Number of protein chains: 2
Amino acid sequence: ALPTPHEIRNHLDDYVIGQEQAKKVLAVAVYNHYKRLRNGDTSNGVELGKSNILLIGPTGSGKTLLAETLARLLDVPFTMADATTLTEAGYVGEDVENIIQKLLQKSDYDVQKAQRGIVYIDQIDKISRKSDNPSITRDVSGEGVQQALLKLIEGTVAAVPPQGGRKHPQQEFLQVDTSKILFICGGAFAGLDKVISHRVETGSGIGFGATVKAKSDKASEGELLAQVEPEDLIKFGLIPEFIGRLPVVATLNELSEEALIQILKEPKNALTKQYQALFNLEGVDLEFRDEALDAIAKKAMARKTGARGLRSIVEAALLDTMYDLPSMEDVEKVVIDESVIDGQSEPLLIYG
Amino acid sequence: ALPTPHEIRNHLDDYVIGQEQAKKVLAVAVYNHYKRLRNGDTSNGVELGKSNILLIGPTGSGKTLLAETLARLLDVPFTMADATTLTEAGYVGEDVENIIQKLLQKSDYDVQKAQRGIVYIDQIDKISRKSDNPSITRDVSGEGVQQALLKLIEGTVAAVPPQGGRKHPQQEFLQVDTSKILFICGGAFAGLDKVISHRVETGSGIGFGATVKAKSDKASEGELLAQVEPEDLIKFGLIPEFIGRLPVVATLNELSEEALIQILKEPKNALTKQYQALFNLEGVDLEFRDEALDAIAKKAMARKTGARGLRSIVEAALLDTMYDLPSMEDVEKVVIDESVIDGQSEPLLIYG
Ligand SMILES: Nc1ncnc2c1ncn2[C@@H]1O[C@H](COP(=O)(O)OP(=O)(O)OP(O)(O)=S)[C@@H](O)[C@H]1O
Ligand SMILES: Nc1ncnc2c1ncn2[C@@H]1O[C@H](COP(=O)(O)OP(=O)(O)OP(O)(O)=S)[C@@H](O)[C@H]1O
């Protein structure tokens, strides 16, 4: 039998933590993709639709991580492309058809197996139209890319040189349908919080009757993105014709103080396990007490960079120890204290 | 015997609703095409004239749907091209002649059967200029594409490599007339409403006598587009020469509230029938009461995206059900209430 949403979600939970609603969206799409793939116009119903996904969230929230972990468990082909390196059908940078070419490399040029594949795009915000730009210009990077992707997300056939061709002799191209291919676009949008505030609060009134902002901190990013709608993205720069192709939307909440503590212990590829393996080959053990982990959470959130801004807190601390650890000998275990993170103390070394 | 406008329309009515004005235009065109085709280049009126079509409508109004349904009932060959990949002067992206060679794939390289074919182009607004000025730089994906299409829509013979050729020795091309070929170039224009508003509004004086904008919602997109003329498209960026080749114009209206309710039940490919088939294979039925659909219609128009942005509403509510439905057993029927769409309530489930 095929997988289940609870089973596929249980697998992603091993590699991803603190994203409940986001994992549900991907499970239903993947679980539903196998159904549409298994019965293509072989049931009472016909003209089976499609529902792409648009992932939105802050930096270091786990958007790019879900696509990578999904490829491990996914059977059908999967790719991880980008939108920054695309041009508008003819310029020197790149064409949209390169995405389909990368899919065939993993599918071994199996057209029947490539149409049933999944596609992922990262950094979609980088192709967002600048709301007030000079009218006499052409946005090949941002407007052109969206315009080109319109027919792709809907379904069409695109010429793809198989293997690049030996020489001019062949001069042929392969047709690859895209009506059944899924697309998972995602990218951290910048400045979107400001747009929703103008529409939602509708205040900022210096007068008496108008209600002034109670505090400096308001409109929580996690709670603000939840109130997103397609009309908000139009003011951002995206075209409604493009967003209509991606009905589903997923709002990822930012990291929490308790979530960061679990990311270092529960996952298998956590940074603590990475450094533990870094010293394991060196014949040296490692320790990370909970009294130090909770302290690191406050340091990371202050950076406002996300989970990816955590190595700066760890490597800045262990820089001194790693520098002189190889020269030192007869050292078996290392102990990390809360004070070391603060920088007022030196980590203890266990001789042996 | 040939089809009729009433007979051909009835077939489109099964797949399209609320587009009576646009349906009559395509019926007369295809009907006149057969009569124009019945005469083997000889009639009382020598050199019969041609009349192309320019479909204009909002986003997700049903333009691409008509071209797809038309090819099913149409006997003569049909193609579904796009103006996104075209580049003039033989650039690396694509050439205009690709449309012709693509048409032969459907006709199996039959010139006499291909000259009587129909052509459809989407995203025609993508190749329009930004201002009335001629240009400031070489606009490959723009006015240059229109200049190349001028000769093609009037009539000429374009070189076409038959089958691509085995190698360089063939070095020949086939000539294919285009004076008799029909062309349906239509795409949702963006920002056209404001351009037309300046022409008909007559300005907005700040004094008493002048007429100010009554409400925020005034001069709807559909009512406004009906007042479109060729001179308005010149300020948009299209050249009058290209517009002269497209005398006919079809103004599609925006989807209404009651129109969306009919689209979910009457059409064969409606979303209600799609999800009904999605659960039919799972041995589970589905229901959608009328009280739930009226609320969904109000939510879709709020998104300002059309019917294509309807899946976002249905997928949000169903998400919870689809996630735990496979794990759940002894479940045969699901009922969706109006409250479920709002999110206050949970969809009722039936066990047995
Ligand atoms: N939920 C999570 N659980 C564990 N680690 C996480 C989680 N979210 C992020 N990380 C860490 O953050 C790293 C990168 O996360 P990403 O998915 O790249 O964030 P991102 O939002 O995709 O970055 P962008 O899209 O380029 S702004 C991962 O390799 C993990 O180390
Ligand atoms: N009149 C209609 N009746 C039923 N479904 C419709 C109708 N119009 C649009 N739809 C739905 O919208 C989908 C896409 O319609 P399209 O033909 O792509 O609209 P559109 O005018 O082409 O929008 P663009 O130009 O591609 S942005 C169809 O597959 C239907 O599901």
# chains A, B, ... in the order shown; residues from 1 in each chain; ligands from 1
$ interface_residues --of "chain A" --to "chain B" --cutoff "7 Å" --atoms "only C-alpha atoms" --output "list in words"
residues 4, 5, 24, 28, 44, 45, 46, 47, 48, 49, 89, 90, 135, 136, 148, 169, 170, 171, 172, 229, 230, 231, 240, 241, 244, 245, 247 and 248 of chain A
$ select_by_dssp --residues "region 10-144 of chain A" --states "alpha helix (DSSP H)" --output "VMD selection string"
chain A and resid 10 to 15 20 to 38 63 to 73 98 to 107 111 to 114 143 to 144
$ write_last_selection --atoms "C-alpha atoms" --output "PDB file, in the first residue's frame"
ATOM      1  CA  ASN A  10       6.377  10.934  11.407  1.00  0.00           C
ATOM      2  CA  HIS A  11       9.379  10.666   9.084  1.00  0.00           C
ATOM      3  CA  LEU A  12       9.714  14.419   8.557  1.00  0.00           C
ATOM      4  CA  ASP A  13       9.403  14.980  12.312  1.00  0.00           C
ATOM      5  CA  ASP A  14      12.719  13.164  12.753  1.00  0.00           C
ATOM      6  CA  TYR A  15      14.445  15.856  10.654  1.00  0.00           C
ATOM      7  CA  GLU A  20       2.821  21.527  12.556  1.00  0.00           C
ATOM      8  CA  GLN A  21       0.690  23.222   9.892  1.00  0.00           C
ATOM      9  CA  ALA A  22       3.508  23.238   7.334  1.00  0.00           C
ATOM     10  CA  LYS A  23       4.058  19.478   7.541  1.00  0.00           C
ATOM     11  CA  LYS A  24       0.334  18.812   7.077  1.00  0.00           C
ATOM     12  CA  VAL A  25       0.212  20.651   3.743  1.00  0.00           C
ATOM     13  CA  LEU A  26       3.110  18.688   2.255  1.00  0.00           C
ATOM     14  CA  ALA A  27       1.728  15.344   3.441  1.00  0.00           C
ATOM     15  CA  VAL A  28      -1.678  15.845   1.824  1.00  0.00           C
ATOM     16  CA  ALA A  29      -0.131  16.978  -1.460  1.00  0.00           C
ATOM     17  CA  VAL A  30       2.303  14.059  -1.634  1.00  0.00           C
ATOM     18  CA  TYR A  31      -0.348  11.604  -0.457  1.00  0.00           C
ATOM     19  CA  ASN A  32      -2.726  12.996  -3.086  1.00  0.00           C
ATOM     20  CA  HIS A  33      -0.116  13.089  -5.854  1.00  0.00           C
ATOM     21  CA  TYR A  34       0.210   9.303  -5.840  1.00  0.00           C
ATOM     22  CA  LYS A  35      -3.564   9.010  -6.214  1.00  0.00           C
ATOM     23  CA  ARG A  36      -3.785  11.282  -9.258  1.00  0.00           C
ATOM     24  CA  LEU A  37      -0.727   9.516 -10.663  1.00  0.00           C
ATOM     25  CA  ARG A  38      -2.097   6.008 -10.095  1.00  0.00           C
ATOM     26  CA  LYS A  63      11.599  25.831   4.362  1.00  0.00           C
ATOM     27  CA  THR A  64      14.573  24.525   2.387  1.00  0.00           C
ATOM     28  CA  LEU A  65      15.016  21.676   4.869  1.00  0.00           C
ATOM     29  CA  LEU A  66      11.590  20.177   4.173  1.00  0.00           C
ATOM     30  CA  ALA A  67      12.361  19.880   0.463  1.00  0.00           C
ATOM     31  CA  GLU A  68      15.633  18.055   1.139  1.00  0.00           C
ATOM     32  CA  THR A  69      14.176  15.654   3.707  1.00  0.00           C
ATOM     33  CA  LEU A  70      11.240  14.980   1.392  1.00  0.00           C
ATOM     34  CA  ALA A  71      13.552  13.784  -1.391  1.00  0.00           C
ATOM     35  CA  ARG A  72      14.973  11.102   0.908  1.00  0.00           C
ATOM     36  CA  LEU A  73      11.584   9.425   1.399  1.00  0.00           C
ATOM     37  CA  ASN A  98      16.466  24.288 -17.548  1.00  0.00           C
ATOM     38  CA  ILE A  99      14.305  23.184 -14.604  1.00  0.00           C
ATOM     39  CA  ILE A 100      12.864  20.329 -16.653  1.00  0.00           C
ATOM     40  CA  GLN A 101      16.338  19.387 -17.882  1.00  0.00           C
ATOM     41  CA  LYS A 102      17.575  18.934 -14.310  1.00  0.00           C
ATOM     42  CA  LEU A 103      14.610  16.651 -13.630  1.00  0.00           C
ATOM     43  CA  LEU A 104      15.609  14.248 -16.406  1.00  0.00           C
ATOM     44  CA  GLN A 105      19.133  13.860 -15.007  1.00  0.00           C
ATOM     45  CA  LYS A 106      17.695  12.283 -11.854  1.00  0.00           C
ATOM     46  CA  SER A 107      15.006  10.392 -13.800  1.00  0.00           C
ATOM     47  CA  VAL A 111       9.856  10.994 -19.847  1.00  0.00           C
ATOM     48  CA  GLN A 112       7.007   8.854 -18.524  1.00  0.00           C
ATOM     49  CA  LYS A 113       8.662   8.934 -15.089  1.00  0.00           C
ATOM     50  CA  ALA A 114       9.564  12.638 -15.328  1.00  0.00           C
ATOM     51  CA  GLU A 143       8.369  40.152 -14.098  1.00  0.00           C
ATOM     52  CA  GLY A 144       9.596  38.043 -17.004  1.00  0.00           C
TER      53      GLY A 144
END
$ closest_residue --among "A:109, A:288, A:120, A:351" --to "residue 186 (chain A)" --atoms "only C-alpha atoms"
A:120
$ closest_residue --among "B:204, B:216, B:197, B:253" --to "residue 56 (chain B)" --atoms "only C-alpha atoms"
B:253
$ closest_residue --among "A:61, A:147, A:262, A:128" --to "ligand 2" --atoms "only C-alpha atoms and all ligand atoms"
A:147
$ select_by_dssp --residues "region 67-169 of chain A" --states "strand (DSSP E or B)" --output "PyMOL selection string"
chain A and resi 78+81-82+118-122+157-160
$ closest_residue --among "B:342, B:177, B:329, B:254" --to "ligand 2" --atoms "only C-alpha atoms and all ligand atoms"
B:254
$ atom_distance --atom1 "CA of residue 185 (chain B)" --atom2 "CA of residue 158 (chain A)"
19.7 Å
$ closest_residue --among "B:239, B:18, B:150, B:256" --to "ligand 2" --atoms "only C-alpha atoms and all ligand atoms"
B:18
